[PDB]
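Virtual Cβ from ideal backbone geometry, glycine too; neighbours counted across all protein chains shown. Here, each number is a calculation from the coordinates, and none is a lab measurement.
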Ligand SMILES: [Zn+2]
Ligand SMILES: [Zn+2]
């Protein structure tokens, strides 16, 4: 279990609460979390989502938005996006590979 349940959809899905766009539209909380986003709104940033992997923030969503393409567009180099396979299907080999990058990204985020 530990501190990285965000590798798991269900946990990312949980992050969504008050997320407008409720069901049947390309931007359901399930499609979003599927793309790697978590929900972290604020006074001024109601619909602010962030990739648990890239840490890159993005705003301005609309019911008919495919979360993956916007993610793909504004963060072309997200390793999470390369794996055309759900985390559950990644070997522990690939998961440990992948998680080396994630942590490296985290630091590059405080690097600002
Ligand atoms: Zn990302
Ligand atoms: Zn955009």
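Rounded, prolate or oblate for segment 17-68? Axes are the square roots of the Cα gyration tensor eigenvalues, ordered a ≥ b ≥ c, and the cut-off for rounded is a/c under 1.5. Judged from the Cα gyration tensor, segment 17-68 comes out oblate (a/c at least 1.5, b/c at or above a/b).
Placing a label point 7 Å from the Cα of residue 5 along the Cα-to-Cβ line, the residues of segment 16-38 whose backbone N sits under 14 Å from it are 16.
A helix-only calculation puts the chain at -10500 deg cm²/dmol for mean residue ellipticity at 222 nm, using -39500 (n - 2.57) for each DSSP H run of at least four residues, averaged over all residues. Computed log10 I(q)/I(0) for segment 48-102 at 0.30 Å⁻¹: -1.27, from the Debye equation with unit scatterers placed on every C-alpha and solvent omitted. Under the criterion of Cα pairs below 8 Å and six or more residues apart, the relative contact order for the chain equals 21 percent. Across segment 40-80, C-alpha contacts under 8 Å between residues 6 or more apart give a mean separation that, scaled by the residue count, equals a relative contact order of 30 percent.
Going from the fewest other Cβ atoms within 10 Å to the most, the residues 74, 39 appear in the order 74, 39. Ordered by the number of other Cβ atoms lying within 10 Å of each residue's own Cβ, fewest first, 8, 58 fall into the sequence 8, 58. Taking 53, 21, 80 in turn, the Gaussian network model of the chain (Cα-Cα springs below 10 Å) assigns the largest fluctuation to 21. Ranking of 100, 12, 72 by neighbouring Cβ atoms within 10 Å, starting from the fewest: 100, 72, 12. Computed as a quarter of the hull surface, the mean projected area of the alpha carbon convex hull for the chain stands at 7.3 nm².
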